[PDB]
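Following this: a sequence and the matching experimental structure.
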Amino acid sequence: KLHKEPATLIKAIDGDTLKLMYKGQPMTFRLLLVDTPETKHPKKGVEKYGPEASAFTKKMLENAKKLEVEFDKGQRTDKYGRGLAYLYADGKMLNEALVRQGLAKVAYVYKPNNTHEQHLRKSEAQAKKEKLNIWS
């Protein structure tokens, strides 16, 4: 079964990429199953809702009492050396929260790293139904 382990925030970089202390080491983490709009796109500077997503993530993590990371059952790092995980702030999944608010869409999915896929797609469908943010 997936297990939750503790982590400490170092810096939020944008909506879906974070620097955390994990096991005593500084690491970049990329959120599983979701994509927030870019703020640093080499091409097109900020995408609509990029700054919003990024501040949402920064607020939720900076104000948390406890952060936890949850790896899925497949690869735990990507080709750029980032940890691939679900992030929980006081027990609430950051990946889901972003999607539920219309600030992220569900990513292209890669088995077997897809354990929370149905829950996130459920939240995405609700955000679209409510026409929130990127869905407006």
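Perfect, thanks for sending it. Numbering: from 1, shown residues only.

can you pull the buried residues of stretch 38-47?
38-39, 47 (16 or more other CB atoms under 10 Å). (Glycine included, C-beta is placed from N, CA and C.)

Among those, name the ones in strands.
In strands, judged by DSSP state E, none of the buried residues of stretch 38-47 are found.

how about those residues in a markdown table, adding distance to residue 24?
Listed next are the buried residues of stretch 38-47 as a markdown table, based on distance: CB to CB, whole Å:
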| residue | distance to residue 24 |
| --- | --- |
| 38 | 31 |
| 39 | 29 |
| 47 | 35 |
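
which non-adjacent residue is nearest residue 77?
Closest residue in space to residue 77, ignoring its immediate chain neighbours: residue 83 at 5.8 Å, by CB to CB, 6 or more residues apart in numbering.

nope, residue 103 is what I meant
Spatially, and ignoring its direct neighbours in sequence, residue 103 is nearest to residue 53 (4.2 Å; CB to CB, 6+ apart).

before we move on, what SS does that neighbour have?
Per DSSP: H, G, I helix; E, B strand; the rest coil, the local secondary structure of residue 53 is helix.

quick check: longest strand of this structure.
Looking across the chain with DSSP E, the single longest strand is strand 4-12.

For it, report the contacting residues that lie outside it.
Residues outside strand 4-12 that contact it (CB atoms under 8 Å, 6 or more residues apart in numbering): 18-22, 26, 29, 54, 57-58, 61-62, 64, 66-70, 87-88.

Of these, select the buried ones using a PyMOL command.
Buried members of those, defined by 16+ other CB under 10 Å, are picked up in PyMOL with:
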select buried, resi 18+20+22+29+54+57+58+61+64+67+68+69+70+87+88
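
quick one: contacts for the residue nearest to residue 103?
By CB under 8 Å, 6+ apart, the neighbours of residue 53 are 14-16, 36-37, 98, 103-104.

Quick check, central residue of the protein?
The residue lying closest to the centre of the chain (CA atoms, centre = their mean) is residue 31, at 3.5 Å.

For residue 38, see how far away the residue nearest to residue 103 is.
According to CB to CB, to the nearest Å, residue 53 and residue 38 sit 9 Å apart.
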